2 protein chains.
Amino acid sequence: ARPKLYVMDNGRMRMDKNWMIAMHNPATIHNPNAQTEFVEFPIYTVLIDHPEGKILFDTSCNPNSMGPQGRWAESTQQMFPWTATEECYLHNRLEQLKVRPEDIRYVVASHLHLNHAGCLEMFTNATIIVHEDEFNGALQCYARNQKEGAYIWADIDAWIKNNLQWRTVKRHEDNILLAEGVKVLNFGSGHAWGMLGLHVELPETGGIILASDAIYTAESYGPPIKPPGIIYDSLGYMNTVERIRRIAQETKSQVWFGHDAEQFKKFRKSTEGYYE
Amino acid sequence: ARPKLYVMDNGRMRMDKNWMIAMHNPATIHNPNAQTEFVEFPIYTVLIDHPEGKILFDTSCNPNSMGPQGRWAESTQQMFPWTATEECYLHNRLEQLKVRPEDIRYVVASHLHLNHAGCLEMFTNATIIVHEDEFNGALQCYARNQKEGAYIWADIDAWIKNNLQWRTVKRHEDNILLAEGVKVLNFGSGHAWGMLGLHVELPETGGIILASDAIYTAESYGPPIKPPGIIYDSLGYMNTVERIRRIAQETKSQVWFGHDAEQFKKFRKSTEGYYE
Ligand SMILES: [Co+2]
Ligand SMILES: [Co+2]
Ligand SMILES: [Fe+3]
Ligand SMILES: [Fe+3]
């Protein structure tokens with residue numbers, strides 16, 4: 001099999017650095033009112049155009065996320081603003097590749113945060129692969145009518161109204177062979193309730209691990225590991241990072257982080273080409 | 001049957017509020033360089049003068065902690081400075097109660113952080129009860145010559161040279177009946193590797209739970225729970241806080257937080273009296 005892997009630029013987001021690197025600049029006797037920064041980071045998706053079928057990793061943010069009539073609560077827009085041009089929208093990025101939503105066989109949701117699950121509702125002909133604990137956690141946010149937070153009620157509303165077809169990865173489920181050289185990695189709890197990664201083995205490029213928010217950046221990866229402020233299971237997070245490190249060394253694979261500005265710049269995006 | 005419980009003022013410490021309440025004030029589009037604060041909080045120990053023997057909960061900081069020739073590293077001194085008058089020193093606080101180190105039968109170390117295990121070395125005639133995981137973790141810090149962070153090399157050095165007698169609480173060990181109405185609570189991992197609390201049943205005052213850093217403050221306690229930045233096991237931390245809440249409700253016990261300025265102000269300290 002000779003697949004093509006595309007990195008699609010789905011805009012940028014800004015947030016408190018402390019979210020990304022917990023306690024990045026601690027206050028001191030000499031700096032008692034220490035300042036944080038408001039850092040920019042990429043929101044990207046990955047399309048594996050595979051002969052067995054098209055696989056999508058993450059879905060970025062929903063077009064109608066930001067704004068006065070935005071699905072995102074105002075507090076969320078102010079803490080995690082998403083800047084993107086129309087071309088950065090997933091549906092347009094796919095269109096520029098002559099890929100219709102209906103052509104996606106599999107969507108892998110690393111987690112159900114606002115900036116990874118925004119456009120799940122588009123893929124009504126796909127099987128949405130998600131960690132059961134992540135699914136459960138988001139569904140509770142919905143049921144309890146939680147309007148703030150990283151789980152967008154209106155996005156979840158849409159998933160349900162659009163009758164998405166789900167395939168939950170069970171807590172103790174082995175990695176899933178989705179297609180030749182494409183494995184869903186079950187990272188479990190850490191950054192969120194349930195994280196999924198991808199291991200892709202390309203004939204030419206070789207091995208790629210899509211870590212998503214299991215590893216925000218290279219600063220996160222280290223060594224040493226510098227965990228995020230947005231974390232559900234600190235222990236599981238630490239374990240997941242080391243697990244990823246071990247797999248990378250054993251499979252001689254690259255590790256693609258979730259939101260690393262520097263790494264993203266070096267990527268070949270969908271406007272220039274792909275990875276074989 | 002008729003004991004007296006003393007609260008001993010062992011000084012004040014300042015640190016970044018983000019340590020106490022994580023992400024207490026996140027940056028926004030309108031406040032991108034959001035400032036943290038450098039808050040003050042109490043360091044205290046608890047003496048249970050019990051007919052079966054004297055029980056000490058926590059040991060505060062070592063007198064030789066701060067300063068150019070201080071045991072604490074400068075970075076630590078600058079991030080977590082301890083201010084204390086001679087009288088605030090535990091040795092002095094005990095002397096004013098006509099209690100010699102040698103008279104302590106049991107020292108319960110909630111955890112082995114610098115602000116709780118400073119003066120363990122004094123109690124050479126006591127049994128030091130500590131969580132095995134906390135003990136293990138600190139001994140690793142020592143063995144690896146970790147000089148910075150919350151585990152003071154020189155402090156641990158002194159514990160070993162002074163030949164302290166340890167009694168480790170095993171990971172899955174039940175609560176320990178230390179004396180009539182005195183009971184060691186095995187909280188396990190959370191704030192640190194292994195946390196111990198006390199439940200004291202006082203004839204007059206009733207039930208008291210000593211939570212130490214299992215719960216920093218009333219703000220931590222909520223509801224809802226607002227976890228700290230100094231955390232090892234987020235899940236365990238959350239579980240512990242809720243376990244304490246339950247025990248408190250079922251035993252109609254007060255919950256004494258580790259570092260709550262407001263609550264401490266209301267405590268009757270060793271200079272004014274005791275709790276029966
Ligand atoms: Co996320
Ligand atoms: Co502590
Ligand atoms: Fe993300
Ligand atoms: Fe403390």
Side-chain angles (χ1 to χ4, degrees), chain A residues 6-25 35-46 56-63 65-66 70 72 75-85 87-90 93 109-119 149-152 155 187 190-192 195-198 208-222 225-232 237 240-241 244 254-271, chain B residues 22-23 26-34:
Chain A
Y6 299 82
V7 174
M8 290 175 292
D9 185 347
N10 300 119
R12 302 283 173 285
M13 180 166 315
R14 277 169 299 137
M15 68 186 188
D16 185 346
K17 171 88 167 216
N18 284 122
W19 287 129
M20 228 163 62
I21 305 290
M23 300 304 317
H24 79 99
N25 180 50
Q35 313 201 303
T36 193
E37 319 156 55
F38 198 58
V39 289
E40 191 178 65
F41 61 87
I43 312 299
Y44 74 100
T45 48
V46 173
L56 180 63
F57 184 80
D58 282 351
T59 63
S60 72
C61 313
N62 196 84
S65 291
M66 298 277 308
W72 293 10
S75 65
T76 312
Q77 303 192 17
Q78 289 204 239
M79 260 185 201
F80 307 108
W82 176 50
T83 67
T85 58
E87 84 177 56
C88 286
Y89 296 167
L90 180 68
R93 286 289 188 219
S110 63
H111 57 315
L112 290 182
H113 275 168
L114 67 171
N115 56 122
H116 304 257
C119 300
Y151 296 94
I152 310 308
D155 284 359
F187 293 146
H191 166 72
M195 307 294 293
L196 302 182
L198 260 202
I208 306 169
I209 294 161
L210 304 177
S212 186
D213 287 358
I215 316 166
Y216 269 158
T217 69
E219 192 185 359
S220 304
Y221 193 45
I225 305 173
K226 306 176 92 188
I230 158 164
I231 195 167
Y232 159 71
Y237 171 95
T240 290
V241 175
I244 287 171
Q254 307 171 43
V255 178
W256 288 11
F257 305 125
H259 300 306
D260 189 308
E262 283 194 4
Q263 183 188 60
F264 183 72
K265 287 211 282 288
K266 276 129 44 187
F267 287 157
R268 178 185 315 122
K269 334 276 196 292
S270 52
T271 40
Chain B
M23 300 306 306
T28 54
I29 194 181
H30 285 108
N31 190 194
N33 292 304

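Throughout, a chain's letter reflects where its sequence line sits, starting with A, and its residues are numbered from 1. The figures here come from the full heavy-atom set of this structure, side chains too, leaving out hydrogens, waters and symmetry mates.
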Within the distance-only criterion (no hydrogens, no angle test), does the side chain of [X] pair as donor or acceptor with the backbone N or O of [Y] below 3.5 angstrom?
{"X": "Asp260(A)", "Y": "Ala218(A)", "value": "yes"}
{"X": "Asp58(A)", "Y": "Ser60(A)", "value": "no"}
{"X": "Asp155(A)", "Y": "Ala117(A)", "value": "no"}
{"X": "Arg14(A)", "Y": "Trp82(A)", "value": "no"}
{"X": "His259(A)", "Y": "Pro42(A)", "value": "yes"}
{"X": "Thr59(A)", "Y": "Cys119(A)", "value": "yes"}
{"X": "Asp16(A)", "Y": "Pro26(B)", "value": "no"}
{"X": "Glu219(A)", "Y": "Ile21(A)", "value": "no"}

Parallel, tilted or perpendicular: which describes the rings of [X] and [Y], with under 30° parallel and over 60° perpendicular?
{"X": "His113(A)", "Y": "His111(A)", "value": "perpendicular"}
{"X": "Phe264(A)", "Y": "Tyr44(A)", "value": "tilted"}
{"X": "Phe267(A)", "Y": "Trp256(A)", "value": "tilted"}

Under the criterion side-chain contact (heavy atoms from CB on, under 4.5 Å), I'd like the reasoning laid out for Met195(A) against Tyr237(A): C-alpha separation, chi angles, the key distance, then a yes or no. CA-CA 10 Å; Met195(A) 307 294 293; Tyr237(A) 171 95; over 6 Å; no

For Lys17(A), is there an ion pair with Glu37(A) - N to carboxylate O distance below 4.0 angstrom?
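No, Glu37(A) and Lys17(A) are not salt-bridged.
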
